[PDB]
$ cat target10.cif   # mmCIF, C-alpha atoms
data_my_file
#
loop_
_atom_site.label_atom_id
_atom_site.label_comp_id
_atom_site.auth_asym_id
_atom_site.auth_seq_id
_atom_site.Cartn_x
_atom_site.Cartn_y
_atom_site.Cartn_z
CA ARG A 7 110.76 174.75 163.86
CA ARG A 8 108.41 175.51 166.82
CA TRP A 9 110.21 178.86 167.04
CA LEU A 10 110.14 179.63 163.30
CA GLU A 11 106.35 179.48 162.88
CA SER A 12 105.40 182.17 165.39
CA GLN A 13 105.12 185.93 165.76
CA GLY A 14 105.21 188.50 162.99
CA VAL A 15 105.41 186.53 159.74
CA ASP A 16 102.06 185.29 158.40
CA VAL A 17 101.76 181.63 157.41
CA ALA A 18 98.82 181.52 154.97
CA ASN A 19 97.91 179.32 151.99
CA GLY A 20 100.09 176.52 150.66
CA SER A 21 100.52 172.80 150.13
CA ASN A 22 104.17 171.69 149.93
CA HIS A 23 106.45 174.60 150.82
CA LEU A 24 104.83 177.15 153.13
CA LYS A 25 104.16 180.61 151.67
CA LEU A 26 105.00 183.18 154.34
CA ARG A 27 104.39 186.88 153.68
CA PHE A 28 105.38 189.72 156.01
CA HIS A 29 103.84 193.09 155.14
CA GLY A 30 104.86 193.03 151.49
CA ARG A 31 107.87 190.72 151.88
CA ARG A 32 107.80 187.10 150.71
CA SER A 33 109.72 183.89 151.38
CA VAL A 34 109.17 180.12 151.45
CA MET A 35 110.82 177.24 153.42
CA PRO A 36 110.26 173.50 153.99
CA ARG A 37 107.67 172.36 156.51
CA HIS A 38 109.04 168.90 157.54
CA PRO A 39 108.98 169.57 161.29
CA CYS A 40 111.24 166.72 162.40
CA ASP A 41 114.26 167.57 160.23
CA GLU A 42 116.81 170.08 161.51
CA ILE A 43 116.33 173.50 159.92
CA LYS A 44 119.67 175.02 158.95
CA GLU A 45 120.89 178.37 160.22
CA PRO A 46 121.78 179.67 156.71
CA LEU A 47 118.14 179.06 155.84
CA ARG A 48 117.02 181.13 158.86
CA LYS A 49 119.34 183.99 157.90
CA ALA A 50 118.27 184.00 154.25
CA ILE A 51 114.64 183.85 155.35
CA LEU A 52 114.87 186.62 157.99
CA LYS A 53 116.87 188.72 155.52
CA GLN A 54 114.30 188.11 152.76
CA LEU A 55 111.48 189.18 155.10
CA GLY A 56 113.04 192.22 156.76
CA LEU A 57 114.78 194.16 153.98
CA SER A 58 113.10 195.90 151.06
CA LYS B 2 76.64 167.22 95.05
CA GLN B 3 79.28 166.20 97.63
CA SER B 4 77.00 163.32 98.59
CA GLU B 5 77.03 161.90 95.08
CA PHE B 6 80.75 162.60 94.68
CA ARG B 7 81.43 160.47 97.77
CA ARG B 8 79.09 157.80 96.41
CA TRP B 9 81.14 157.80 93.22
CA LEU B 10 84.35 157.60 95.28
CA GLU B 11 82.91 154.57 97.02
CA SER B 12 81.87 153.06 93.64
CA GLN B 13 85.56 153.15 92.65
CA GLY B 14 86.82 151.31 95.75
CA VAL B 15 87.85 154.34 97.75
CA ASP B 16 87.40 153.85 101.49
CA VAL B 17 85.74 156.52 103.54
CA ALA B 18 86.81 156.43 107.06
CA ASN B 19 84.72 157.20 110.08
CA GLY B 20 85.16 160.55 111.70
CA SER B 21 83.59 163.80 112.75
CA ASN B 22 85.89 166.25 110.96
CA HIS B 23 86.77 166.13 107.30
CA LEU B 24 86.18 162.79 105.65
CA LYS B 25 89.34 160.65 105.34
CA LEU B 26 89.73 158.97 101.92
CA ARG B 27 92.14 156.12 101.18
CA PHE B 28 92.78 154.55 97.77
CA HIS B 29 95.64 152.15 96.88
CA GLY B 30 98.11 153.76 99.24
CA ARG B 31 96.89 157.28 98.49
CA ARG B 32 95.13 159.48 100.99
CA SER B 33 93.07 162.64 100.87
CA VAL B 34 90.54 164.46 103.00
CA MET B 35 87.26 165.96 101.80
CA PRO B 36 84.65 168.17 103.51
CA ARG B 37 81.81 166.50 105.40
CA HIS B 38 79.03 168.59 103.88
CA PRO B 39 76.99 166.23 101.69
CA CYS B 40 74.51 168.93 100.64
CA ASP B 41 77.29 171.34 99.66
CA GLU B 42 78.31 171.48 96.03
CA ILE B 43 81.74 170.04 95.45
CA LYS B 44 83.60 172.81 93.66
CA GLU B 45 85.19 171.76 90.39
CA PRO B 46 88.89 172.48 91.22
CA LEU B 47 88.38 170.67 94.57
CA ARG B 48 86.85 167.63 92.88
CA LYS B 49 89.76 167.55 90.43
CA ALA B 50 92.37 168.03 93.16
CA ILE B 51 90.94 165.06 95.12
CA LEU B 52 90.84 162.73 92.10
CA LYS B 53 94.42 163.65 91.35
CA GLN B 54 95.48 163.20 94.96
CA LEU B 55 93.78 159.78 95.08
CA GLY B 56 95.11 158.40 91.83
CA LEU B 57 91.80 158.80 90.00
CA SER B 58 93.44 161.59 87.95
CA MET C 1 103.89 176.27 113.64
CA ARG C 2 101.94 178.04 110.88
CA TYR C 3 101.12 176.28 107.66
CA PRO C 4 100.59 178.60 104.65
CA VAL C 5 97.18 178.03 103.07
CA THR C 6 96.50 178.34 99.33
CA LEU C 7 93.08 179.91 98.67
CA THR C 8 92.11 179.32 95.00
CA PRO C 9 89.01 181.13 93.62
CA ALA C 10 86.48 178.77 92.13
CA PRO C 11 84.81 180.02 88.89
CA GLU C 12 81.49 178.75 90.28
CA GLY C 13 82.10 180.91 93.37
CA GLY C 14 83.90 180.53 96.66
CA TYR C 15 87.30 178.95 97.06
CA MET C 16 89.22 175.71 96.99
CA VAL C 17 91.68 175.25 99.85
CA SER C 18 95.03 173.51 99.36
CA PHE C 19 98.26 173.20 101.36
CA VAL C 20 101.64 173.23 99.65
CA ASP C 21 103.17 171.20 102.50
CA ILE C 22 100.35 168.69 103.11
CA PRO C 23 99.01 167.11 99.89
CA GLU C 24 96.07 165.39 101.65
CA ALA C 25 94.56 168.63 103.00
CA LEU C 26 92.01 169.60 100.35
CA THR C 27 88.73 171.38 101.02
CA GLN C 28 86.62 174.42 100.12
CA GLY C 29 84.53 177.33 101.35
CA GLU C 30 81.90 179.72 100.07
CA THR C 31 83.74 182.71 101.57
CA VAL C 32 87.28 183.38 102.72
CA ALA C 33 86.10 182.91 106.32
CA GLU C 34 84.45 179.55 105.57
CA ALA C 35 87.52 178.48 103.62
CA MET C 36 89.97 179.27 106.42
CA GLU C 37 87.83 177.52 109.02
CA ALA C 38 87.64 174.51 106.72
CA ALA C 39 91.37 174.90 106.13
CA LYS C 40 92.15 174.31 109.80
CA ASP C 41 89.83 171.28 110.11
CA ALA C 42 91.19 169.82 106.87
CA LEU C 43 94.81 170.28 107.94
CA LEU C 44 94.23 168.79 111.43
CA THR C 45 92.24 165.92 109.89
CA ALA C 46 95.00 165.15 107.38
CA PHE C 47 97.49 164.84 110.23
CA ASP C 48 95.67 161.65 111.33
CA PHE C 49 96.90 159.89 108.18
CA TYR C 50 100.51 160.42 109.18
CA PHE C 51 100.08 159.23 112.75
CA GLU C 52 98.25 156.17 111.43
CA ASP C 53 100.78 155.34 108.73
CA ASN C 54 103.80 156.20 110.87
CA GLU C 55 105.12 158.71 108.33
CA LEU C 56 106.95 161.98 109.01
CA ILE C 57 104.68 165.03 108.98
CA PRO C 58 106.14 167.70 106.64
CA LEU C 59 106.85 170.84 108.60
CA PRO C 60 105.55 174.20 107.37
CA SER C 61 107.18 176.13 104.56
CA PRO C 62 108.41 179.55 105.71
CA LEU C 63 105.76 182.25 105.62
CA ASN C 64 105.87 184.82 102.83
CA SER C 65 104.10 188.13 103.50
CA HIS C 66 100.40 188.17 102.58
CA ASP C 67 100.31 184.42 103.05
CA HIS C 68 97.13 182.99 104.41
CA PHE C 69 98.05 180.54 107.13
CA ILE C 70 96.73 178.21 109.82
CA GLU C 71 98.41 178.42 113.21
CA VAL C 72 98.29 174.92 114.63
CA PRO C 73 97.30 174.55 118.32
CA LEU C 74 100.14 173.68 120.70
CA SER C 75 98.27 170.54 121.72
CA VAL C 76 98.59 169.40 118.10
CA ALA C 77 101.98 170.91 117.30
CA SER C 78 103.54 169.16 120.32
CA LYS C 79 102.44 165.79 119.02
CA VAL C 80 103.45 166.55 115.42
CA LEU C 81 106.96 167.26 116.72
CA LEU C 82 106.83 164.19 118.96
CA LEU C 83 105.77 161.91 116.09
CA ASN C 84 108.65 163.11 113.88
CA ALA C 85 111.19 162.59 116.66
CA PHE C 86 109.77 159.15 117.48
CA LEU C 87 109.77 157.94 113.88
CA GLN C 88 113.31 159.17 113.33
CA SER C 89 114.58 157.31 116.40
CA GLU C 90 113.25 153.97 115.06
CA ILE C 91 112.92 152.70 118.65
CA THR C 92 109.72 150.92 119.56
CA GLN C 93 106.76 152.24 121.51
CA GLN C 94 107.48 149.58 124.14
CA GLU C 95 111.05 150.85 124.57
CA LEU C 96 109.83 154.43 124.74
CA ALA C 97 107.43 153.40 127.53
CA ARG C 98 110.26 151.59 129.29
CA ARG C 99 112.38 154.75 129.13
CA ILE C 100 109.59 156.98 130.49
CA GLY C 101 108.48 154.66 133.28
CA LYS C 102 104.89 154.60 132.03
CA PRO C 103 102.75 151.75 130.63
CA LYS C 104 102.62 151.32 126.86
CA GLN C 105 98.93 152.27 126.84
CA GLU C 106 99.81 155.83 127.77
CA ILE C 107 102.61 155.96 125.22
CA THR C 108 100.28 154.79 122.43
CA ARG C 109 97.75 157.55 123.13
CA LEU C 110 100.49 160.16 122.58
CA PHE C 111 100.50 159.33 118.83
CA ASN C 112 96.87 160.23 118.13
CA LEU C 113 95.28 163.68 118.13
CA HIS C 114 91.85 162.66 119.42
CA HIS C 115 92.77 162.98 123.06
CA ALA C 116 93.55 165.84 125.36
CA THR C 117 97.23 166.65 125.21
CA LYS C 118 99.12 166.70 128.52
CA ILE C 119 102.11 168.83 127.61
CA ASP C 120 104.43 167.51 130.34
CA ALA C 121 103.92 163.93 129.15
CA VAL C 122 104.90 164.98 125.62
CA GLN C 123 107.95 166.74 127.13
CA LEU C 124 109.02 163.55 128.98
CA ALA C 125 108.57 161.34 125.93
CA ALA C 126 110.58 163.80 123.85
CA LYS C 127 113.31 163.73 126.52
CA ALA C 128 113.41 159.93 126.41
CA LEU C 129 113.93 160.27 122.64
CA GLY C 130 116.94 162.52 123.19
CA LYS C 131 114.92 165.59 122.18
CA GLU C 132 113.94 168.73 124.06
CA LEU C 133 110.64 170.59 123.70
CA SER C 134 110.74 174.33 124.51
CA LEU C 135 108.25 177.17 124.67
CA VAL C 136 108.97 180.48 122.94
CA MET C 137 107.25 183.77 123.96
CA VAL C 138 106.98 186.05 120.91
CA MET D 1 113.50 177.16 130.98
CA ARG D 2 116.14 175.99 133.52
CA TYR D 3 116.79 177.68 136.84
CA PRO D 4 120.37 177.38 138.08
CA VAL D 5 120.36 176.35 141.71
CA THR D 6 123.12 177.42 144.06
CA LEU D 7 123.76 174.81 146.70
CA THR D 8 125.96 175.99 149.57
CA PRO D 9 126.88 173.03 151.84
CA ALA D 10 126.42 173.77 155.57
CA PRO D 11 129.04 172.27 157.96
CA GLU D 12 126.20 170.70 159.93
CA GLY D 13 126.30 167.90 157.37
CA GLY D 14 124.56 168.34 154.04
CA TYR D 15 123.67 171.15 151.65
CA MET D 16 121.67 174.36 151.52
CA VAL D 17 119.65 175.14 148.35
CA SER D 18 119.64 178.64 146.84
CA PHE D 19 118.46 180.16 143.55
CA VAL D 20 120.24 183.31 142.39
CA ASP D 21 117.15 184.48 140.48
CA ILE D 22 114.31 183.67 142.89
CA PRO D 23 114.83 185.17 146.36
CA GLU D 24 111.72 183.58 147.85
CA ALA D 25 112.84 180.12 146.72
CA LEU D 26 114.76 178.88 149.73
CA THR D 27 115.17 175.39 151.17
CA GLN D 28 117.77 172.69 151.62
CA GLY D 29 118.35 168.94 151.66
CA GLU D 30 120.89 166.70 153.27
CA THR D 31 122.35 165.03 150.14
CA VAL D 32 123.04 166.13 146.56
CA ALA D 33 120.29 164.01 145.02
CA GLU D 34 117.91 164.93 147.85
CA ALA D 35 118.74 168.66 147.76
CA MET D 36 117.78 168.94 144.09
CA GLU D 37 114.44 167.27 144.76
CA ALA D 38 113.67 169.93 147.37
CA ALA D 39 114.92 172.57 144.90
CA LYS D 40 112.15 171.84 142.42
CA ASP D 41 109.51 171.83 145.14
CA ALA D 42 110.80 175.08 146.63
CA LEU D 43 111.03 176.99 143.35
CA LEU D 44 107.67 175.93 141.97
CA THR D 45 106.10 177.13 145.26
CA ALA D 46 107.89 180.49 145.16
CA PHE D 47 106.22 181.12 141.80
CA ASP D 48 102.80 181.19 143.48
CA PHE D 49 103.63 184.54 145.14
CA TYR D 50 104.03 186.43 141.87
CA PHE D 51 100.74 185.20 140.40
CA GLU D 52 99.16 186.29 143.68
CA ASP D 53 100.89 189.67 143.78
CA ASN D 54 100.46 190.35 140.03
CA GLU D 55 104.19 190.98 139.54
CA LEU D 56 106.76 189.93 136.95
CA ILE D 57 108.60 186.63 137.44
CA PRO D 58 112.40 186.90 136.91
CA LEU D 59 113.45 184.52 134.14
CA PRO D 60 116.46 182.29 134.83
CA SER D 61 119.96 183.56 134.43
CA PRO D 62 121.75 181.80 131.56
CA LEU D 63 123.32 178.45 132.35
CA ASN D 64 127.06 178.02 132.84
CA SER D 65 128.76 174.67 132.21
CA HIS D 66 128.55 172.33 135.22
CA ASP D 67 125.62 174.21 136.79
CA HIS D 68 123.09 172.42 138.90
CA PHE D 69 119.63 173.35 137.69
CA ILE D 70 115.95 172.51 137.94
CA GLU D 71 114.16 172.16 134.60
CA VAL D 72 110.68 173.60 135.03
CA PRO D 73 107.83 171.59 133.48
CA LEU D 74 106.21 173.01 130.35
CA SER D 75 102.94 173.06 132.28
CA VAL D 76 104.48 175.56 134.70
CA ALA D 77 106.70 177.39 132.24
CA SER D 78 103.76 178.18 129.95
CA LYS D 79 101.83 180.07 132.63
CA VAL D 80 105.00 181.64 134.08
CA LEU D 81 105.38 183.15 130.63
CA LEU D 82 101.63 183.87 130.55
CA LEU D 83 101.73 185.91 133.76
CA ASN D 84 104.52 188.18 132.50
CA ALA D 85 102.71 188.91 129.22
CA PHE D 86 99.48 189.77 131.03
CA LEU D 87 101.12 192.36 133.27
CA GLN D 88 103.11 194.32 130.67
CA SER D 89 100.08 194.62 128.39
CA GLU D 90 98.25 196.38 131.28
CA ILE D 91 95.00 194.76 130.12
CA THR D 92 92.34 193.89 132.68
CA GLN D 93 91.53 190.29 133.50
CA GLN D 94 87.94 191.04 132.39
CA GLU D 95 89.09 192.69 129.14
CA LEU D 96 91.23 189.63 128.38
CA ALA D 97 88.10 187.49 128.89
CA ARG D 98 86.07 189.27 126.21
CA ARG D 99 88.93 188.88 123.73
CA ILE D 100 89.24 185.20 124.64
CA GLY D 101 85.49 184.69 124.74
CA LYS D 102 85.62 182.79 128.03
CA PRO D 103 84.26 183.73 131.46
CA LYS D 104 86.39 185.11 134.29
CA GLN D 105 86.43 181.75 136.10
CA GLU D 106 88.56 179.96 133.51
CA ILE D 107 90.75 182.98 132.85
CA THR D 108 91.54 183.11 136.56
CA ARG D 109 92.94 179.58 136.82
CA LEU D 110 95.29 180.43 133.95
CA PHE D 111 97.10 182.60 136.48
CA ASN D 112 97.29 179.86 139.11
CA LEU D 113 99.68 176.93 139.26
CA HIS D 114 97.52 174.56 141.33
CA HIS D 115 95.34 173.27 138.51
CA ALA D 116 95.96 171.40 135.30
CA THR D 117 97.14 173.59 132.48
CA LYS D 118 95.54 173.12 129.10
CA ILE D 119 98.27 174.34 126.79
CA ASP D 120 95.91 175.54 124.07
CA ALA D 121 94.12 177.74 126.59
CA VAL D 122 97.46 179.28 127.57
CA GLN D 123 98.38 179.73 123.88
CA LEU D 124 95.03 181.38 123.17
CA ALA D 125 95.43 183.65 126.22
CA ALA D 126 98.90 184.63 125.00
CA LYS D 127 97.47 185.52 121.59
CA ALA D 128 94.88 187.85 123.10
CA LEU D 129 97.68 189.40 125.17
CA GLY D 130 99.46 190.24 121.94
CA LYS D 131 101.99 187.50 122.54
CA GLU D 132 102.84 184.45 120.47
CA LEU D 133 103.41 181.10 122.20
CA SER D 134 105.14 178.45 120.07
CA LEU D 135 106.97 175.14 120.58
CA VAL D 136 110.42 174.33 119.25
CA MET D 137 112.53 171.19 118.76
CA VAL D 138 111.79 167.50 119.17
#

$ encode --input "target10.cif" --output "structure tokens"
Amino acid sequence: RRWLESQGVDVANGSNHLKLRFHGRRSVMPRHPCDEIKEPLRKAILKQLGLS
Amino acid sequence: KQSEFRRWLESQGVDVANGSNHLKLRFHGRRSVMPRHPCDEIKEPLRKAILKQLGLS
Amino acid sequence: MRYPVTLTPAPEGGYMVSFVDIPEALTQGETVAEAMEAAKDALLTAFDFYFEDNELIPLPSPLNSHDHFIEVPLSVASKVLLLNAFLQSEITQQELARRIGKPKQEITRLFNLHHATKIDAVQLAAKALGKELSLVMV
Amino acid sequence: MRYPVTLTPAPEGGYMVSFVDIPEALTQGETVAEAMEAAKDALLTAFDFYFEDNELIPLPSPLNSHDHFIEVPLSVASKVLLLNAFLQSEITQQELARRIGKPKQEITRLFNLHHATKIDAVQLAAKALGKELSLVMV
């Protein structure tokens, strides 16, 4: 989770799930920093944010 | 005229309930509403519909 | 929910307002506009009787073209539907509150129109009654 | 309105939550009961994007027997439907305000999920949009 919230994607407004937008592409994910973030989440998220 | 019509209703034992919309009339298990415009004339078919609805035929 | 309104010309002028589905809703107006505005207030007012006496509220007759009608606000329509489902279940208000996980006080205020309506609360109470409230877009 | 949730279990021990209709709505949870709780939170959040970006929200695919699903509250479903009607009418937010007779400030928060929804306001906004919002069952 330190890696996920970093370069490129913009982490803007939100309350529960974070709303991350990347130059016209959109995705959410949980915040909960101490739980383990799953790889299938990371692939769905990176795919949602880097294809049209 | 509506003012006196409601006074007559009250003469006859009809209960006029508190409110801020139409007046709520109850009489021996029967119920009807009625405008809350005491200075308006009660129109004849309305006055007759209410008496019929309330059991005052 | 749209109740058809009967606008009857008065020989003295203006109109008498009646509702074929709601016998209590009786009022008047000097013009069609005044009559329809009074029609809505008279219909909504008459609904109080049914909540108070715990009686089913008759649902609207189907519209016929050229009908005058009053479209009832969703805040009211939701509670009309809730009241009919509650009465037909014959369970108590205390049991309904037990099922929802809310105190009776909040269940009681669902059965009166002189409050704001929180639509999700009506939806949960309907669910506890084995009923399902849905929204329809056109 | 019920969104079917796809939950693909990850070998790491638990489940991963997906929604076939909402690509932004992505999360997971470690148990079945827990993963569905996160599902509601994730989907409701994903809705915010579309209100922000003034684009159509995809309505749920029809349910198949034995589907997991999140039932969206009426409070959310009403404005989800409101957003879609606003866009396809191509009316301005200011033009909608004149037809509603309310100032821009209260029309704005119709198209936002982070405030209480007053169902009559949504119904009235739908009417001005040429849409008809009604409640069924219960």

$ residues_around --input "target10.cif" --residues "residue B:33" --least-positions-apart "2" --cutoff "9 Å" --atoms "all atoms listed in the file" --output "list in words"
residues 24, 25, 26, 27, 28, 31, 35, 51, 54 and 55 of chain B; 23, 24, 25, 26, 46 and 49 of chain C

$ calpha_fit_rmsd --input "target10.cif" --fixed "chain D" --moving "chain C"
0.6 Å

$ resolve_selection --input "target10.cif" --expression "the PyMOL selection byres ((chain A and resi 30) around 10)" --output "VMD selection string"
(chain A and resid 27 to 29 31 to 32 55 to 56 58) or (chain D and resid 53)

$ resolve_selection --input "target10.cif" --expression "the PyMOL selection byres ((chain B and resi 50) around 12)" --output "PyMOL selection string"
(chain B and resi 32-35+43-49+51-58) or (chain C and resi 8+16-19+23-28)

$ atom_distance --input "target10.cif" --atom1 "atom CA of residue D:112" --atom2 "atom CA of residue D:73"
14.5 Å

$ closest_atom_pairs --input "target10.cif" --of "chain A" --to "chain D" --cutoff "7 Å" --atoms "all atoms listed in the file" --output "JSON lines"
{"residue": "A:23", "atom": "CA", "partner": "D:42", "partner_atom": "CA", "distance": 6.1}
{"residue": "A:32", "atom": "CA", "partner": "D:24", "partner_atom": "CA", "distance": 6.0}
{"residue": "A:33", "atom": "CA", "partner": "D:24", "partner_atom": "CA", "distance": 4.1}
{"residue": "A:34", "atom": "CA", "partner": "D:24", "partner_atom": "CA", "distance": 5.6}
{"residue": "A:35", "atom": "CA", "partner": "D:27", "partner_atom": "CA", "distance": 5.2}
{"residue": "A:36", "atom": "CA", "partner": "D:27", "partner_atom": "CA", "distance": 6.0}
{"residue": "A:47", "atom": "CA", "partner": "D:27", "partner_atom": "CA", "distance": 6.6}

$ build_atoms --input "target10.cif" --residues "stretch 46-73 of chain C" --atoms "N, CA and C atoms" --output "PDB file, in the frame of the given file"
ATOM      1  N   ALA C  46      93.978 165.816 108.171  1.00  0.00           N
ATOM      2  CA  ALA C  46      95.000 165.150 107.380  1.00  0.00           C
ATOM      3  C   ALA C  46      96.147 164.631 108.254  1.00  0.00           C
ATOM      4  N   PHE C  47      96.419 165.303 109.362  1.00  0.00           N
ATOM      5  CA  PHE C  47      97.490 164.840 110.230  1.00  0.00           C
ATOM      6  C   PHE C  47      97.232 163.410 110.694  1.00  0.00           C
ATOM      7  N   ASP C  48      95.955 163.011 110.874  1.00  0.00           N
ATOM      8  CA  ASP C  48      95.670 161.650 111.330  1.00  0.00           C
ATOM      9  C   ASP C  48      96.319 160.610 110.425  1.00  0.00           C
ATOM     10  N   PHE C  49      96.327 160.859 109.106  1.00  0.00           N
ATOM     11  CA  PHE C  49      96.900 159.890 108.180  1.00  0.00           C
ATOM     12  C   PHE C  49      98.331 159.558 108.578  1.00  0.00           C
ATOM     13  N   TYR C  50      99.095 160.583 108.921  1.00  0.00           N
ATOM     14  CA  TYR C  50     100.510 160.420 109.180  1.00  0.00           C
ATOM     15  C   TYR C  50     100.748 159.672 110.486  1.00  0.00           C
ATOM     16  N   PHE C  51      99.993 160.011 111.525  1.00  0.00           N
ATOM     17  CA  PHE C  51     100.080 159.230 112.750  1.00  0.00           C
ATOM     18  C   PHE C  51      99.709 157.784 112.486  1.00  0.00           C
ATOM     19  N   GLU C  52      98.675 157.550 111.664  1.00  0.00           N
ATOM     20  CA  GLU C  52      98.250 156.170 111.430  1.00  0.00           C
ATOM     21  C   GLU C  52      99.293 155.422 110.631  1.00  0.00           C
ATOM     22  N   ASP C  53      99.855 156.054 109.599  1.00  0.00           N
ATOM     23  CA  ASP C  53     100.780 155.340 108.730  1.00  0.00           C
ATOM     24  C   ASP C  53     102.217 155.448 109.197  1.00  0.00           C
ATOM     25  N   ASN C  54     102.451 156.062 110.351  1.00  0.00           N
ATOM     26  CA  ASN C  54     103.800 156.200 110.870  1.00  0.00           C
ATOM     27  C   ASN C  54     104.703 156.828 109.834  1.00  0.00           C
ATOM     28  N   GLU C  55     104.296 157.987 109.296  1.00  0.00           N
ATOM     29  CA  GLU C  55     105.120 158.710 108.330  1.00  0.00           C
ATOM     30  C   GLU C  55     105.417 160.095 108.886  1.00  0.00           C
ATOM     31  N   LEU C  56     106.600 160.624 108.586  1.00  0.00           N
ATOM     32  CA  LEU C  56     106.950 161.980 109.010  1.00  0.00           C
ATOM     33  C   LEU C  56     105.932 163.001 108.509  1.00  0.00           C
ATOM     34  N   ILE C  57     105.565 163.945 109.364  1.00  0.00           N
ATOM     35  CA  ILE C  57     104.680 165.030 108.980  1.00  0.00           C
ATOM     36  C   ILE C  57     105.551 166.167 108.439  1.00  0.00           C
ATOM     37  N   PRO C  58     105.344 166.592 107.196  1.00  0.00           N
ATOM     38  CA  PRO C  58     106.140 167.700 106.640  1.00  0.00           C
ATOM     39  C   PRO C  58     105.890 168.956 107.457  1.00  0.00           C
ATOM     40  N   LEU C  59     106.956 169.603 107.850  1.00  0.00           N
ATOM     41  CA  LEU C  59     106.850 170.840 108.600  1.00  0.00           C
ATOM     42  C   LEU C  59     106.517 172.021 107.688  1.00  0.00           C
ATOM     43  N   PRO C  60     106.003 173.112 108.238  1.00  0.00           N
ATOM     44  CA  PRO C  60     105.550 174.200 107.370  1.00  0.00           C
ATOM     45  C   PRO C  60     106.667 174.855 106.564  1.00  0.00           C
ATOM     46  N   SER C  61     106.323 175.253 105.340  1.00  0.00           N
ATOM     47  CA  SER C  61     107.180 176.130 104.560  1.00  0.00           C
ATOM     48  C   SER C  61     107.229 177.491 105.238  1.00  0.00           C
ATOM     49  N   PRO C  62     108.339 178.209 105.116  1.00  0.00           N
ATOM     50  CA  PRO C  62     108.410 179.550 105.710  1.00  0.00           C
ATOM     51  C   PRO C  62     107.323 180.466 105.167  1.00  0.00           C
ATOM     52  N   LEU C  63     106.789 181.313 106.042  1.00  0.00           N
ATOM     53  CA  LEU C  63     105.760 182.250 105.620  1.00  0.00           C
ATOM     54  C   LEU C  63     106.354 183.323 104.716  1.00  0.00           C
ATOM     55  N   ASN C  64     105.619 183.659 103.666  1.00  0.00           N
ATOM     56  CA  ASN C  64     105.870 184.820 102.830  1.00  0.00           C
ATOM     57  C   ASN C  64     104.777 185.825 103.164  1.00  0.00           C
ATOM     58  N   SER C  65     105.122 187.109 103.263  1.00  0.00           N
ATOM     59  CA  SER C  65     104.100 188.130 103.500  1.00  0.00           C
ATOM     60  C   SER C  65     102.893 188.016 102.557  1.00  0.00           C
ATOM     61  N   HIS C  66     101.726 188.214 103.174  1.00  0.00           N
ATOM     62  CA  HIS C  66     100.400 188.170 102.580  1.00  0.00           C
ATOM     63  C   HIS C  66      99.980 186.719 102.453  1.00  0.00           C
ATOM     64  N   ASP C  67     100.743 185.804 103.036  1.00  0.00           N
ATOM     65  CA  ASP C  67     100.310 184.420 103.050  1.00  0.00           C
ATOM     66  C   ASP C  67      99.069 184.322 103.924  1.00  0.00           C
ATOM     67  N   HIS C  68      98.101 183.537 103.482  1.00  0.00           N
ATOM     68  CA  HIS C  68      97.130 182.990 104.410  1.00  0.00           C
ATOM     69  C   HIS C  68      97.838 181.885 105.170  1.00  0.00           C
ATOM     70  N   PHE C  69      97.452 181.663 106.426  1.00  0.00           N
ATOM     71  CA  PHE C  69      98.050 180.540 107.130  1.00  0.00           C
ATOM     72  C   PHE C  69      97.164 180.083 108.272  1.00  0.00           C
ATOM     73  N   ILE C  70      97.376 178.827 108.665  1.00  0.00           N
ATOM     74  CA  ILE C  70      96.730 178.210 109.820  1.00  0.00           C
ATOM     75  C   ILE C  70      97.788 178.051 110.901  1.00  0.00           C
ATOM     76  N   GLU C  71      97.545 178.636 112.062  1.00  0.00           N
ATOM     77  CA  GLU C  71      98.410 178.420 113.210  1.00  0.00           C
ATOM     78  C   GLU C  71      97.933 177.160 113.918  1.00  0.00           C
ATOM     79  N   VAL C  72      98.792 176.157 114.034  1.00  0.00           N
ATOM     80  CA  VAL C  72      98.290 174.920 114.630  1.00  0.00           C
ATOM     81  C   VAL C  72      98.336 175.009 116.152  1.00  0.00           C
ATOM     82  N   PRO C  73      97.307 174.510 116.850  1.00  0.00           N
ATOM     83  CA  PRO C  73      97.300 174.550 118.320  1.00  0.00           C
ATOM     84  C   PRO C  73      98.490 173.807 118.915  1.00  0.00           C
TER      85      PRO C  73
END
